Each structure stands twice: as structure tokens, then as C-alpha cells.
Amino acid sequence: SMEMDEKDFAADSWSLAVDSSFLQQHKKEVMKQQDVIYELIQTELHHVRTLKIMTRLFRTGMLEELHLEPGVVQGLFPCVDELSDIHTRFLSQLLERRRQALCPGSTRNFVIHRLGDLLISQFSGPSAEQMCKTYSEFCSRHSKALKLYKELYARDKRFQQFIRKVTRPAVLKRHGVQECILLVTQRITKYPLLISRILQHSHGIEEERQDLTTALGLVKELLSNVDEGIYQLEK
């Protein structure tokens, strides 16, 4: 995570992120729609941060400090590079929509009016096929990953010191290895709840209401395909 993005998303809501004088210029309904759009981007930023802890902090640390066998590290963090690539791309498109919307002379005041089209693009075509394939593989390897982790933690002393060392800082309190895996798995099922609440406050422009309705269905189709392609592997 970068200081610019953390600062832009430090507030608990869009209503508290923007200047008070800018907030006053908007209707109650627009403030509610923006609050939920901000929550979606803030939680996506947290999600991309979670995948970076898994790749840079855990995966890379095990390869360089512990010199663990690449197939062991793969078993622990299945599809982490593909997952990181899907969500860093999605996050980039969301922050670019926020950036274009900023008022001239401001780094915090903005209103996103066309989120729907970005969501339809992400959850359709090749990007939807890649999310479906990646989560079906990741989720099918979830139990095998936790079992491999517990075995290593209980049988190797150098692995235990490594884990205790890298997860010691307060900023890693919710981000242990197993916690990161469950955070990633639960991410996909958060999207329909967020999109539906954005849709509830997006009745002003008919085109936007239709785009968000299409996007909601594409997310549910994706979730249904991932759910149906899951089977827990067992070693």
C-alpha cells in the first residue's frame, strides 16, 4: 500500500473523506451512493494489500530467508500471483475513475457517476473467465493449504520463528497466513452486497440503474460458476 492511497481512504466514509463545504453541495441520496462506492474501493484497497502481504511478506520471505522448496511454498499460497494480478488491475481501474472525477485544485473532492460500466467490464469476457478459473483453483486448494501450514508450523522450528517474526507488528494483527487465505476466499462473496446497496441509491439516472443491475447479475453468475467448480483436494 502507498501513502497517497492510504490517506485518500483513511476516513470511515465518503462523507468524512471530502471537504465539509463540498459535502453540503450534494443531495442526501448522492452522499449515500458515494458512501457505498467509497466502501467498495476502500475494501478493494485492503484486499489488494492482503494479497501483497501473502506474496511479498510470506511467500517471498519463505523462499529467501528459509530457502523453502518452491513446491512447498506453492502448496501454501496457491494462485497468489494470478489473484494479485486480477485485483491490482481492478483496483487500478477504480482509483483511475476516482482520479478523473476529482475537482480541479482538489485531491479529495470527487463524485463517481458511472461505476456500472467498470463493473460490467470486470465481471464479463476474459477477465470474468480468469476470475472464475483462479477462484475455482484457489478455493479447491484451501483445505490442502491450511493442512500444509499447520504441519510446517508444528514440525519445523525455523518456520515457527519466521512466522512469529513477520506477524509480530501491530499492522499484521488480522493478517496471519490462514487469516489472509480466508480474507481472499470471502472477498468474492462481498461484491453482490456492495453492488446492491450502490444500486439502491442509484435511481437518478436510468442508464446507471440498468448498468448496475447487469453487473449484479454477472457477479452472481460468476459466484455460481466458482461454487460449482469447487472440490476440496486432499493430500
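By rigid core we mean the largest C-alpha set that fits within 1.5 Å across both forms. Heads up: residue numbers just count along the shown sequence, starting at 1.
The stretch that moves more in 9 other deposited structures of this protein, judged by CA deviation after a rigid core superposition and choosing between 66-74 and 172-180, is 66-74. Looking at 4-12 and 226-234 together, the entry lists the larger mean B-factor for 226-234, computed on C-alpha atoms. Between the residues 46, 187, 203, 174, it is 203 that shows the highest Cα B-factor in the PDB record. Looking at the C-alpha B-factors along this chain, the one for residue 197 belongs to the lowest third. Among the modelled residues of the chain, residue 66 sits in the highest third by CA temperature factor in this PDB entry.
Per the deposited record, the Cα B-factor of residue 151 falls in the highest third when ranked against the other modelled residues of its chain. Sort the chain's modelled residues by C-alpha temperature factor and residue 113 lands in the highest third, per the entry. Split the chain's modelled residues into thirds by C-alpha temperature factor. Residue 60 is in the highest one.
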